[PDB]
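Next up: the same protein chain in two forms, each one alone, written as structure tokens (structure 1, then structure 2).
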Structure 1
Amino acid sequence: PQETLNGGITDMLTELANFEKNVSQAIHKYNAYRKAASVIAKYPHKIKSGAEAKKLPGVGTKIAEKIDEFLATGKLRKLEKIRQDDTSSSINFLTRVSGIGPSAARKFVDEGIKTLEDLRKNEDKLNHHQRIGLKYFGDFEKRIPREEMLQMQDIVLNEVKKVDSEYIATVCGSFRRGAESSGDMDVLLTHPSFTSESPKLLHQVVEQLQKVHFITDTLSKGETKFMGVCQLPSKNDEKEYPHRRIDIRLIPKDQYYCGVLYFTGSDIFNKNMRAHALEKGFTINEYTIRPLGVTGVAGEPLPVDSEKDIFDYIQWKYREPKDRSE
């Protein structure tokens, strides 16, 4: 539905979600505001009153009321006032730095640090991740067109295969659902030598990708998960590509396809797939599908050899990644 139907309402709601999360530290209100923003975004009629909104699942009495106020005045007083509040709009802004959450943002604003300028003058007060976040602030908010993703995927598959031709790599994310652009790259990796009934497999890959200068920085690295930055090589006399978030995960063979499904998303689709899963006597997380017991007894992980197997157990025609928006 066209964003101009209830656009003003959903932006109001998402703005209020943001303050709950970043300023009030009320994650459950943040998610309530987003849930109500979603169901509104999908509603195919121009909302004429709060009582009308109220009908939607996730819209309660207090949002109904804010809708009424927004309809009559084109604004909300509470939102107007929070915006002109220096302390609160600073705290809210700084959370846009990857690695500064509600709690570090609060701490900074308490002691005078409110702007990227302030963050720059105070490197010593930021942790490693936060420096990388600061350094790529601009880059990190940009989107990645598919063309650069395919190019990034070329590097990844080439280098992974070079390290050891028995690795299996799948770039997931909205990339995998065929999206026209993506916010980051999410690589899932496994290896025949790695099951769960069983720390270099990850490091070796990360290492090759730094060696060809594809990975430029590291946010975190452990035995199973890497979070980092990458950058395509620059064209011959051209302006350089932006720096990009890339994650690389190592998953045991018998959990690979649950992982692929889970990180393929979208979350909306996974919420559905989880719900239907429950409906037919099964539970599915990122690691496994388990049958529910005569009492709610999730039992042993079942054998899984492909995405299909999963879909099979819960009796769903396998859904092509391109259809997994919902």
Structure 2
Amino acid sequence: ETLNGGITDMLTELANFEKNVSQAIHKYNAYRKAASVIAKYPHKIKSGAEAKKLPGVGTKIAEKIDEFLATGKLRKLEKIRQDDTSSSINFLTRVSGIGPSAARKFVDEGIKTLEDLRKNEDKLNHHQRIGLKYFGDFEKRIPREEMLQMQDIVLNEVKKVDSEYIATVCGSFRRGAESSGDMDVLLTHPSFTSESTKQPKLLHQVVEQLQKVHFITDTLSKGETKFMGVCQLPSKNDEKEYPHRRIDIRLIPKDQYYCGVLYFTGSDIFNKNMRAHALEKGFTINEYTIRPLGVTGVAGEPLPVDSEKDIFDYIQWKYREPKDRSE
């Protein structure tokens, strides 16, 4: 957790590099498992050879460990850290819609900077356009103060459109959190579930609503169940306009909302942990359901859920406020 801190970090730097700059999925997959096990190793790694004993570490990584142990740095690391091409990719990549692939491609054509990007907006698609356009606000955190305002607005329209609608803003915001990255709104309706063959309009109506009043300004991606966009709080009585924020609305079959809602609220650890418990307690929990465990090794048959309560009950736990779903 810190005893092997640096080694795991150099290692991540490394893996991360293979993956983006070059396309060395293995090297890259290599670095990660190593960074996984040494992280676990309950002792201070004093030399490669020692590390070496590990499963995952080979002669390769051993080597790097030595040098780093030896001298407070890594050359390969110093070099990559320096090199502009690699720098550039790690940068373009920051743009919503720009991934490693397009990053390497733009680089190879010479688009290295954000300006370069502008001059060549034609080379960009719609997602990437929006990304470029809101680059700044996109890197910005969301004050909870703003979060509640937002939430307020979405909830009301959703309601006004159809009172049957059910929405939950999940995420950290849900878990109390002082700030959040983007707004995730979990959505489901009663006429929509597991079987009842869709009702795309069900998503589509609200999206339309939200745009109608300018809450939604842009559209990154709109499908029959997932809409990815950009929204914005009405810039008051001027002097101050609100930064553009990422927003995702998603359709859920009412018969699997809570699993979903439960799920998405996290924390990543609360999950796994909740997840690990359901196993002893003879179950299975995943993104959409909770199934009883069968001795034959496995089993199925989807437990009927009406709230986050039922789930706990099932695995017979204490209902944990989302506030305290921290781990």
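Numbering runs along the sequence of structure 1, starting at 1. In this text, rigid core is short for the largest set of C-alphas that superpose within 1.5 Å between two forms.
The two rigid parts differ in orientation between structures 1 and 2, with the smaller turned by 24° against the larger. Core superposition places the C-alpha of residue 274 1.4 Å apart between structures 1 and 2. Lined up on the core, residue 9 has its CA atom moved by 8.1 Å between structures 1 and 2. Here the two forms are laid over each other by their core, and the C-alpha of residue 80 is off by 2.5 Å between structures 1 and 2.
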